[PDB]
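Quick notes on the structure that follows.
Computed from the coordinates by the stated procedures, all read-outs in this text should not be read as laboratory data. Ideal geometry is used to build each Cβ from the backbone, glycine not excepted, and the neighbour counts take in all protein chains shown.
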Ligand SMILES: Nc1ncnc2c1ncn2[C@@H]1O[C@H](COP(=O)(O)OP(=O)(O)O)[C@@H](O)[C@H]1O
Ligand SMILES: [Mg+2]
């Protein structure tokens, strides 16, 4: 009876990568 | 130890356990529902390092600039007399009031301790208000500014109901800076990223967001002034060096320094302006309540275990029978100045006493005479209760019974039987009475008794008189059974004097009060005086779930 939970994903390339995680989860 | 015993102990002390745990949980509920909620706001700053920027953000210059901008040195508190008035007022949904103050100056008493001047403002309407410093009452009105007695004040936009009181403090600038600092936090969250998370906690959900925005703005505007400055120093130098190809060269360089000055956006960027999480971060109600309940349970269990290991009273006849003492009966509490065996002949205690009667009818054969002496170890163990009721039950079977109250110190049998208090046992023993004026009839009984009479000054020495043995020898020919009630044996020695003439002697042990040690000492003290104790009678039993010793103390009929 529990509602099923689907998952979606995407792949991004950074031409680093430590601050971009915080940018993505930002409120802007 | 085993599991059954501990389960029984918890079942028996359930009342105490529930009471203590409920009290602890009630205090936890009260605290979690009356503590002032604390909200938290945050913002995100991007750094184009990051170790010195943390220290520069928490510097006194930037925080001081923020405080000066937003007047954080004017502290306003809604007044509630108790340490719970604010919380309760919140609980009824009452909206707290707020006042905008834009100018304040107190006389600055500044004694040894109270460096913080304060006043109390009582709101009288939407417009006017009363002000008191130390009883100095003044009237002010919104709008017009006030300068009286060395107090300058300006209030705008009173938003409250009349009658409210507000404490207004003018705390020193450094105190305000420290207060702001202790609630302000900065973190890196990446240890290398240009990401700084700024956090500020406070009781007002909007004021904290305004403060954090002001801090971010001040820090940012400060940072660009640094980069603009070094360009401005270069621009100023080139202008001061102006004296034609070089003339054009410096002008082009000057314009490059002009554009570099105006394009301020630099090392610091505000990603997220501050917003406030609407759910307060403190107090954390669920964890408070869980800790309260768990603490109640732990303290209750420790208290119960403490009481169990410090309990020493008798609990079952097995304890007495280990030592080698015959227990002839076990009398329970009768929850019901009258003889129980007459008022309520069908009580459980009277049933147990009938069991004792049938035990005696077999024990007292081959006794040297028909005299029974009931005694005990400690006072108020039940000797008079047992003796009197036993006499009643033996009397209802058609046998002549004589009850003697040989407790010449605190005997009250005459009160409990209905009395002619003259000519008790004392008057006979001292020689100023005969054997016939002392014997009296119980009304609701069926047996005779002899009361003590007047309290003598020499009880133990009276009982040694041979007239006592004369009385016993005479009565032993006119009655089927003689019961003698005596004082305790640990207190005085009367019982051991009397027991010389008694064919049978029994002790009464009170259920939880006495211990096995007293009973053993009492038996040995009786033996040393040449009195052989037949056995013991456990009295005052109650139901214990932990017992696993289980009686016939239940109604059958
Ligand atoms: N099993 C019992 N049930 C109800 N009351 C009792 C019981 N045992 C003793 N008592 C009452 O408690 C009081 C103390 O007993 P009491 O015999 O008078 O003291 P003592 O043994 O020192 O002479 C008395 O009022 C008695 O009626
Ligand atoms: Mg007594």
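Across the alpha-carbon set of the protein assembly as shown, the Rg to Rh ratio works out to 1.36, Rh being the Kirkwood radius.
Counting only other chain Cβ atoms within 10 Å of each residue's Cβ, the peptide B:189-198 averages 3. Most simply put, the protein assembly as shown has about 65% antiparallel DSSP beta bridges, counting only bridges with both residues inside it. Taking label points 7 Å from Cα along the Cα-to-Cβ direction, residue B:336 and residue B:287 give a separation of 6.0 nm. Ranked by the mean number of other Cβ atoms within 10 Å of their residues, highest first, the peptides B:225-235, B:81-91, B:380-390 come out as B:380-390, B:225-235, B:81-91. Dividing the summed -39500 (n - 2.57) terms of all DSSP H runs of n ≥ 4 by the residue count of chain B sets its mean residue ellipticity at 222 nm at -12500 deg cm²/dmol. Between the range B:157-198 and the range B:383-408, the alpha-carbon centres lie 85 Å apart. Ordered by the number of other Cβ atoms lying within 10 Å of each residue's own Cβ, fewest first, B:54, B:41 fall into the sequence B:54, B:41. Taking the alpha-carbon centroid of each part, what is the distance from the range B:206-258 to the range B:462-496 in angstrom? Taking the Cα centre of the range B:462-496 as reference, the centre of the range B:206-258 is 119 Å away.
Derived from the Cα gyration tensor, the three semi-axes of the equivalent ellipsoid of the range B:242-393 are 103, 18, 11 Å, largest first. Summary of the geometry: the range B:43-67 and chain A, compared by the centres of their Cα atoms, lie 29 Å apart. Legend: mean number of C-beta atoms from other chains within 10 angstrom of residue C-beta atoms, peptide A:18-27, equals 5.
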